[PDB]
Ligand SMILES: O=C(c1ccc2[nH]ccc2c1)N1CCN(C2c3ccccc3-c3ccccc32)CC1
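Okay, so here's just one chain, in structure tokens, the form deposited without this ligand.
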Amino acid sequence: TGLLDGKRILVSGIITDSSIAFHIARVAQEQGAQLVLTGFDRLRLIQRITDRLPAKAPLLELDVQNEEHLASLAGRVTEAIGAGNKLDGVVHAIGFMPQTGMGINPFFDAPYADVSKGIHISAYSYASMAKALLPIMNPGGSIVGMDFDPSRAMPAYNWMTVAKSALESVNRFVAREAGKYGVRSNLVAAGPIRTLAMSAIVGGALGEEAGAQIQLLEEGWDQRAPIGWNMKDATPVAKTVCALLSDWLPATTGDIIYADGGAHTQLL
């Protein structure tokens, strides 16, 4: 059976088999969910890099900045899951901020064009995935986005934090649209997960000054977290997203679940 047994869940954001979305997809399939995966205009690129999930899953093209991809999402999901089936779950794990908005570009030097793209994909596309999929979501259904607690400013994250503040705000509005469908909308605020993107940042692609800043932020999590924080382990975070996809948090929406080791709840 498993936690998500029977549930039809669309999972966006997988880019690598170390993506938070990939582990979310993984844990979901292990828990019996039936997935529909999405990846940007690169349904063929997500093809190479996800033949690694426990079960096969239809993969669909979605560039969330593409209003056509969005108008047709519901259409192709249905095609994918079977006419007469609906989604039980939607995982939005799409986050992106041009590195001009997050990494060593001064916070002030991030062009709005880039911030705006960061917010399009990171925050707004949450409302657009909700708009696209809510009509093909079952009551008791669950939308989950990925958050990184922006409630305090932090070095390097910069405009991405801004985008996550925006996303949290968007989440409470999604929940209110979502609740007309009996659907809940929540975010999972993850502690830092050193994946493909994060390790190059800390590896100094976005330079010494930002890698340092991220490293020192990211190391504060484990010190802070009463239960610690392994940034190399997406599983706790994937399991939390699946808890949100399950029927075990039936009265939470508009909300944020911290899967951060309890870091956010401790000063030091």
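One-based numbering along the sequence shown.
Missing here is the form solved in complex with this ligand; even so, the following discussion is about that form.
- Picking from 106 to 114, 135 to 143, 79 to 87, 155 to 163 the stretch near this ligand in the entry with it bound, with a 4.5 Å limit on heavy atoms, gives 155 to 163.
- At the 4.5 Å threshold, heavy atoms of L217 reach this ligand in the entry with it bound.
- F148 belongs to the set of residues with a heavy atom inside 4.5 Å of this ligand in the entry with it bound.
- Of the heavy atoms in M102, some are within 4.5 Å of this ligand in the entry with it bound.
- Taking the partner from elsewhere, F96 is found to have a heavy atom lying within 4.5 Å of this ligand in the entry with it bound.
- In summary, among the residues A127, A175, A74, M198, the only one with a non-hydrogen atom within 4.5 Å of this ligand in the entry with it bound is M198.
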